[PDB]
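Let me begin by presenting the structure, written as C-alpha cells, before commenting on it.
We count ligands from 1, going down the list as the structure has it; atoms in each ligand are counted the same way. Note on naming: letters A, B, ... go to the chains in the order of the sequence lines (proteins, then strands), and numbering restarts at 1 for each one. Only heavy atoms go into these numbers, but all of them, side chains included; no hydrogens, no water, no symmetry mates.
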Amino acid sequence: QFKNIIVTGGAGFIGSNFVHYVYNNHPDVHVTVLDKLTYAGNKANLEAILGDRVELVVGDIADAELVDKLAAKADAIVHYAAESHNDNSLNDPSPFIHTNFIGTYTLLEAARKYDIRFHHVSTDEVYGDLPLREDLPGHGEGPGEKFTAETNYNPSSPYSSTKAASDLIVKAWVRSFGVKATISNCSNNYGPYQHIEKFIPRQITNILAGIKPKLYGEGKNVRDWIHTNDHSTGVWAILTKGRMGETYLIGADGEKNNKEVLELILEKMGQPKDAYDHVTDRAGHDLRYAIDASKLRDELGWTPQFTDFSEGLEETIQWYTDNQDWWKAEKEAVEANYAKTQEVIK
Amino acid sequence: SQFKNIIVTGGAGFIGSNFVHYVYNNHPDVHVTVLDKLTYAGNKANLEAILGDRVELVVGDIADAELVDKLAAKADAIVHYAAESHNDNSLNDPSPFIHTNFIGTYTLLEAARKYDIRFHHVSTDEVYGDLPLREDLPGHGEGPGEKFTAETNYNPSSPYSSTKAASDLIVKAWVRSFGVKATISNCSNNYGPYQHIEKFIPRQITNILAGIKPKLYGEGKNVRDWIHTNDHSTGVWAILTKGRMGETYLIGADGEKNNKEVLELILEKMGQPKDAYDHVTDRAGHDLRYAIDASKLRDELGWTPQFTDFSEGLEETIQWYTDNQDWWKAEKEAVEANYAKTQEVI
Ligand SMILES: NC(=O)c1ccc[n+]([C@@H]2O[C@H](COP(=O)([O-])OP(=O)(O)OC[C@H]3O[C@@H](n4cnc5c(N)ncnc54)[C@H](O)[C@@H]3O)[C@@H](O)[C@H]2O)c1
Ligand SMILES: NC(=O)c1ccc[n+]([C@@H]2O[C@H](COP(=O)([O-])OP(=O)(O)OC[C@H]3O[C@@H](n4cnc5c(N)ncnc54)[C@H](O)[C@@H]3O)[C@@H](O)[C@H]2O)c1
Ligand SMILES: Cc1cn([C@H]2C[C@H](O)[C@@H](COP(=O)(O)OP(=O)(O)O)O2)c(=O)[nH]c1=O
Ligand SMILES: Cc1cn([C@H]2C[C@H](O)[C@@H](COP(=O)(O)OP(=O)(O)O)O2)c(=O)[nH]c1=O
C-alpha cells in the first residue's frame, strides 16, 4: 500500500536483501536507498538491480537538509541504517552515538513533518542476556525463558544500548506526536552479502583463504539464527499490515551455541573438527539470546520458510565460495583490525 | 567524605543547587566545582551565598568535551544533574533534550572512563511510564507492580522522559562493557525552595502572589509522589558513598497526591476561594499516576526521609516564595506568555 519508499542502510547486509525482495516481488514500488557507504556499505550489493525501480543516494541519515528533500517525495521510510557491530562499538562508540541515536531522531522529525509511515528495524539485543537452557527450570520453554514483547530493556554494550535508546524515542514520538510508526526486534541474521567481520561469514571466508577460524572463549554462547529472507517477509508484513505503535519480535526458533555452528561449518567444508583457534573473549559478552515470535505469527500470519539451518548454511557457504571477488579485497584488513585486540589462547 | 574534589553538573538549577548547599553545610572536607550552562533554568543566585574557596562555578556545556576533560582531570567524582527537565518544553522543541540529556551524558561517561573516577547519574521516575489510579487497581496500590520498583520496565511517554531513559541505558552499558564506577537514582516529583516558576507547585503559588489565577490541566485527577528536595539530597549522598556499583536505587517518601487536592491546599493556605482557578488544555500524552517503592534504598543503605509532612513542607515553601519575590518577579510575565501559546481556559 506504498508506492515510493525510502530504505535507509539499503547498501548493507539486511537492508540490501530487503531491497532485492521488493525489486522481485513488488515491481510496482519505487525504492530510494539512502546509504552513507561506511566500511559496511557496498555498491556491489545493489549494482545489478539499479534502474527505474531502484535508485541509490549516497548520504548521512543525520543530514537534515538531505533527509528533508527525500522525505518530501516519499510515502514511507523503512529504517535499517546503523553501526551494527558490538566489537567495533567497544573500540570506538562515537559513530554509534551519531548514527544510531541522532540519525533515528533526524528521521523521526522528518516523518512527523510530512506525516508519513515509519518502520524501525531493531535487534533482540535490546533485551540483554538469558541463562543457558541447562540452567533453567523450564529448559528454555518456560515463562520468561525467552524474549517477548513484554521483556524489559537491559542492553549490555554501546551497540545494543544505542539501538535500545533509538527504540525508546520512536515509541515516545508515537505517543507524543502520533507518528505512524512500528518497531521490529529480530534475532541473529545470516545469509548472502553479510560483511566478513561477522561470525558466520568470517569463519567461512577464513577457511577459503587458508586462515584458521576463530572462536571466542570455548564457544558456549547461544544465538537464535534466522535467514535474512525470512526477516524481509516479516518486515514487509509489519509495514503493510501492522498496528500503529506496536512492537513485533521476529525469530525462527533456531538456537545454537557458537561451538556447534563452527563445527558444522568445518565439517561441511571438509576440514578437521579441531582446525580452529580459541581467542580472547569479548568484554561483557552476552550469554544466550532467544525469541518467542508468537505475536507476529498469531496477528499477521507470518511464517518463516527457511527453518532448516543445515541447508541454509550449506547454501550460504556455497555463495561465499562462488563469489570470492566480493570479499577478497577486505580479508587482510579485517583480520588485521582484529589482531589489535584478539590473540590465540594458549 | 571519601571524595574530596567533586564536580556537580547542573548545580545552578533547582535540585542541584540544593545538593551543593547540602554538601557545603554537612561535608566541609569536600571542594565542589559546579559545571552549568546557565540556560533559562540556571540561576547564579541559587549559589551566590556559598561561592568562594569551597565552591566554584564554571559556566559551560556538559557536551563540551575539551572543557569536561580539563575539569575531570582534577576531580574524584561526578554527580550529574544537568538536563533539560520540562516535559512541556520538550513537546514544543525536542532539540535541546536530545543534545543535553543524551549527548551530554555520553560525553561525561567518556570522561569518567578516561580518568577512572566515580559517577552518579541523577534520573527520574518518569522513565517507567504511567500507572493506573489506586481505585482502579486490584490491590489499591499495595500489590505487586502497583508502584515502581527497581525491576519495573522502562516505558517513557515523552521526549523528556525518553531522552532521560536513553541516558540511563548507556550508563548501565558503560558499567558492563567498560567497568565505569557508576550508580543510578530515579526519584519522584521534588518540591521546595528555588524551583523554577514553570513547574506546577511554584507556578500556582507565584501566580497567586502576582494576582494571576492558578492553572489546572484538565480535571486534575493525575497523581504525583511528592518528596522534599532536602530528602533527595541525603538520598543521593547515601548512594554516592555507599551504593553498590552498577545498581539502580529509587528515591521516594510515600507521598502520593492528585493535582486537584494539591492546588486546593495551596489556595486554602493562601486565603483564596476554593474555585479561584482555571481549567486548561491538557498535556499531550500526559502521564496518569506515578508512585515509588523505596524499599531497596531504605533496607540496603539505611536511608530515611525527614520531611514526611507535606502540609508543613508546602507551608514553608509558600513562605519562601513570599519572602523572595525579587527572585522570580522578573520572569513571571515571560513564562505565562509562553504557556498562552498552547494553553487556553476550558
Ligand atoms: N546483523 C544482525 O543480525 C542484525 C539482527 C537484527 C537487527 N539488526 C539491525 O538491522 C539493521 C541492519 O543491520 P546490518 O547487519 O545489515 O548492518 P550492516 O553493517 O551490514 O550495514 C549498515 C549499513 O548502514 C549504513 N550506514 C551506517 N551509518 C549510516 C549513516 N549515518 N547514514 C546512512 N547510512 C549509514 C552502512 O553504510 C551500511 O550499508 C541495523 O539497524 C541492525 O541494528 C541487525
Ligand atoms: N524537578 C523534578 O521533580 C525532578 C524529579 C526527578 C528527577 N529529576 C532530575 O533531576 C535533575 C535536575 O532537575 P531540576 O529540576 O533541578 O532541573 P532544572 O531545570 O531546575 O535545572 C537544570 C539545570 O541544568 C543546567 N543545564 C541544562 N542544559 C545544560 C548543559 N547542556 N550543560 C550544563 N548545564 C546544563 C541548567 O542551566 C539548570 O541549572 C535532572 O536530571 C532531572 O531529570 C528532576
Ligand atoms: C566475529 C566472531 C564472533 N564470535 C561469536 C561472538 C557471538 O557470541 C557470536 C556472534 O557474534 P557477531 O557476529 O559479532 O554477532 P552479535 O554480537 O550481534 O550476536 O559469535 C566468535 O566466536 N568468533 C568471531 O570471530
Ligand atoms: C505546570 C503545570 C502542571 N500541571 C500538572 C501536570 C502534571 O501532572 C503535574 C506536574 O507537572 P510538572 O511540574 O510539569 O512535573 P512533571 O511533568 O515532571 O510531573 O502538574 C498542571 O495541572 N498545571 C500547570 O500549570
Side-chain angles (χ1 to χ4, degrees), chain A residues 84-87 123 125 157 159-160 188 194 197-203 206 213-217 219 221-223 257-259 261-262 279 281-282 285-287 289 338 342, chain B residues 9-18 35-43 46 59-64 80-88 96 99-101 103-104 121-126 158 160-161 164 167 185-191 194-196 198-204 207 214-218 220 222-224 226-227 229 232 251 258-260 262-263 280 282-283 286-288 290 339 343:
Chain A
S84 76
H85 195 37
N86 281 295
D87 290 320
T123 176
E125 307 193 11
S157 77
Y159 163 63
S160 53
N188 286 243
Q194 187 170 34
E197 75 187 344
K198 298 300 175 72
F199 183 55
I200 288 175
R202 184 184 183 193
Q203 312 325 315
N206 264 11
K214 311 290 184 173
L215 187 66
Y216 289 9
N221 309 74
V222 171
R223 296 298 181 269
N257 61 72
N258 293 348
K259 183 61 177 297
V261 173
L262 173 55
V279 306
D281 212 342
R282 176 187 291 167
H285 200 174
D286 281 325
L287 186 55
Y289 296 145
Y338 271 125
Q342 310 183 335
Chain B
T9 72
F14 168 44
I15 301 182
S17 69
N18 275 285
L35 174 56
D36 199 287
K37 187 171 182 173
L38 293 185
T39 63
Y40 77 87
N43 196 335
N46 296 350
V59 180
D61 192 326
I62 53 174
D64 185 335
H80 178 46
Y81 291 87
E84 278 292 323
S85 71
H86 197 40
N87 284 298
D88 289 328
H99 176 71
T100 299
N101 297 1
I103 298 300
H121 188 62
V122 176
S123 196
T124 171
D125 61 348
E126 304 195 10
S158 71
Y160 164 62
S161 60
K164 285 297 299 184
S167 67
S185 64
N186 294 87
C187 190
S188 50
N189 286 68
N190 284 217
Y191 79 91
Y194 300 89
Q195 192 172 204
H196 191 286
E198 76 183 340
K199 298 303 177 68
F200 185 56
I201 294 182
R203 182 185 184 188
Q204 311 322 313
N207 256 32
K215 309 296 181 178
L216 183 67
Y217 294 176
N222 309 73
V223 175
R224 297 294 184 276
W226 304 95
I227 183 172
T229 188
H232 189 182
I251 307 175
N258 65 75
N259 291 349
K260 181 59 178 297
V262 174
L263 170 56
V280 299
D282 215 320
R283 173 186 290 168
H286 200 180
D287 286 322
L288 185 55
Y290 295 147
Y339 272 133
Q343 280 172 40

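Here the protein heavy atom with the shortest distance to atom 5 (C) of ligand 3 is A:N258 ND2, 3.2 Å. Among all protein heavy atoms, the one lying closest to atom 28 (N) of ligand 2 is B:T100 CG2, 3.4 Å. Atom 1 (C) of ligand 4 has B:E198 O, 3.4 Å as its closest protein atom, hydrogens excluded (heavy atom only). Here the protein heavy atom with the shortest distance to atom 18 (P) of ligand 2 is B:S85 OG, 3.7 Å. Nearest protein heavy-atom contact of atom 44 (C) of ligand 2 is B:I15 CD1, 3.5 Å. The nearest heavy-atom contact from the protein to atom 6 (C) of ligand 2 is B:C187 O, 3.4 Å. For atom 23 (N) of ligand 4, the nearest protein heavy atom (residue, atom name, distance) is B:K215 O, 2.9 Å. The protein non-hydrogen atom at the shortest distance from atom 40 (C) of ligand 2 is B:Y81 O, 3.3 Å. Ranking protein heavy atoms by distance to atom 24 (C) of ligand 3, first place goes to A:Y216 CE1, 3.4 Å. In this structure, atom 32 (N) of ligand 2 lies nearest to the protein heavy atom B:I62 N, 3.2 Å. Atom 7 (C) of ligand 2 has B:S123 O, 3.2 Å as its closest protein atom, hydrogens excluded (heavy atom only). What sits closest to atom 3 (O) of ligand 2 on the protein, heavy atoms only, is B:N190 N, 3.0 Å. Protein heavy atom nearest atom 10 (C) of ligand 4, with residue, atom name and distance: B:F200 CB, 3.8 Å.
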Q: Go through B:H80 and B:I62 one step at a time and tell me if the side-chain contact (heavy atoms from CB on, under 4.5 Å) criterion holds.
A: CA-CA 10 Å; B:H80 178 46; B:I62 53 174; 3.7 Å; yes
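Residues B:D282 and B:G218 approach most closely at OD2-CA, 3.9 Å, considering heavy atoms. Residue A:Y338 comes nearest to A:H85 through the heavy atom pair OH-NE2, 2.8 Å, listed as atom of the first residue, atom of the second, then distance. Listed here is the closest heavy atom pair of B:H196 and B:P202: O-CG, 3.3 Å. Between B:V122 and B:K164, the shortest heavy-atom contact is O-NZ, 3.0 Å. Residues B:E126 and B:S161 share a closest heavy-atom pair of O-CB, 3.6 Å. Pairing each heavy atom of A:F199 with each of A:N258, the nearest pair is CZ-O, 3.7 Å.
Among the atoms of B:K164, some N or O lies under 3.5 angstrom from an N or O of ligand 2. Looking at ligand 4, you'll find an N or O of B:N87 within less than 3.5 Å of one of its N or O atoms. Taking distance alone, with nitrogen or oxygen atoms compared against 3.5 Å, B:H232 stays at or beyond that limit from ligand 2. On a distance-only criterion, B:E126 and ligand 4 share at least one N/O pair closer than 3.5 Å. Backbone and side-chain nitrogen or oxygen atoms of B:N189 are examined, and one is located within less than 3.5 angstrom of a nitrogen or oxygen of ligand 4. Ligand 2 has no N or O atom lying under 3.5 Å from any N or O atom of B:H99, backbone or side chain. For ligand 3, none of its N or O atoms has an N or O atom of A:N221 under 3.5 Å away. For B:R203, a nitrogen or oxygen atom sits less than 3.5 Å from a nitrogen or oxygen atom of ligand 4, counting backbone and side chain alike. Remark: ligand 2 and B:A82 share no N or O pair separated by less than 3.5 Å (distance only, no angle test). When only interatomic distances are considered, the shortest N/O to N/O separation between B:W226 and ligand 4 does not fall below 3.5 Å. Looking at A:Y289 next to ligand 3, no N or O pair under 3.5 Å apart turns up.
Near A:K198, meaning under 4.0 Å from one of its heavy atoms, ligand 3 places the atoms 13 (O). The distance from ligand 3 to the heavy atoms of A:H85 drops below 4.0 Å at these ligand atoms: 14 (O). The distance from ligand 2 to the heavy atoms of B:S188 drops below 4.0 Å at these ligand atoms: 5 (C), 6 (C). Proximity to B:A12 (heavy-atom distance under 4.0 Å) selects the following atoms of ligand 2: 39 (O). Which parts of ligand 2 touch B:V122 is read off a 4.0 Å heavy-atom cut-off, strictly below it: atoms 10 (O), 41 (O). Here is the list of ligand 2 atoms found below 4.0 Å of a heavy atom in B:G10: 24 (O).
A distance of 4.5 Å separates CG in B:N87 from CZ in B:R283, rounded to the nearest 0.5 Å. Going from atom OG of B:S17 over to atom OH of B:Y81 covers 10.0 Å, rounded to the nearest 0.5 Å. Taking CG from B:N46 and CG from B:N18, the interatomic distance works out to 8.0 Å, rounded to the nearest 0.5 Å. Here B:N186 contributes atom CG and B:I251 contributes atom CD1; the two are 8.5 Å apart, rounded to the nearest 0.5 Å. With rounding to the nearest 0.5 Å, the separation of CG in B:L38 from CG in B:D61 is 11.5 Å. Atoms OG and CD, from A:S84 and A:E197 in turn, are 6.0 Å apart once rounded to the nearest 0.5 Å.
The closest heavy-atom contact to atom 36 (C) of ligand 2, among the options B:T39, B:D61, B:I227, B:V59, comes from B:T39. Ranked by closest heavy atom to atom 43 (O) of ligand 2, the top entry among B:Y160, B:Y290, B:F14, B:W226 is B:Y160. One option in B:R283, B:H286, B:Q204 has a heavy atom closer to atom 12 (P) of ligand 4 than any other, and that option is B:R283. For atom 25 (C) of ligand 2, the nearest non-hydrogen atom from the set B:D36, B:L38, B:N186, B:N189 belongs to B:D36. Checking B:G60, B:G11, B:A83, B:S17 against atom 24 (O) of ligand 2, the nearest heavy atom belongs to B:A83.
B:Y194 has its side chain out of reach of B:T229: every pair of non-hydrogen atoms, C-beta onward, lies at least 4.5 Å apart. Considering only heavy atoms from C-beta on, B:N101 stays 4.5 Å or farther from B:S167 through its side chain. Put simply, the side chain of A:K214 reaches to within 4.5 Å of the side chain of A:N206, judged on heavy atoms.
By the 4.0 Å heavy-atom criterion, B:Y339 is counted among the residues contacting ligand 4. Residue contacts with ligand 4: B:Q343 is excluded, as none of its non-hydrogen atoms falls under 4.0 Å.
A donor-acceptor contact closer than 3.5 angstrom is absent between the side chains of B:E84 and B:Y160. Side chain to side chain, B:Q343 and B:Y217 meet the donor-acceptor criterion of an N or O pair below 3.5 Å.
Considering A:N221, A:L262, A:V222 in turn, A:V222 is the only one that fulfils the side chain to side chain contact (heavy atoms under 4.5 Å, CB included) rule with A:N257.
Judged by the 6.0 Å and 45° rule, B:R224 forms no cation-pi pair with B:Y191.
The proximity of B:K199 to ligand 2, defined as any non-hydrogen pair under 4.0 Å, is limited to the side chain. By the criterion of a heavy-atom distance under 4.0 Å, both the backbone and the side chain of B:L216 are placed next to ligand 4.
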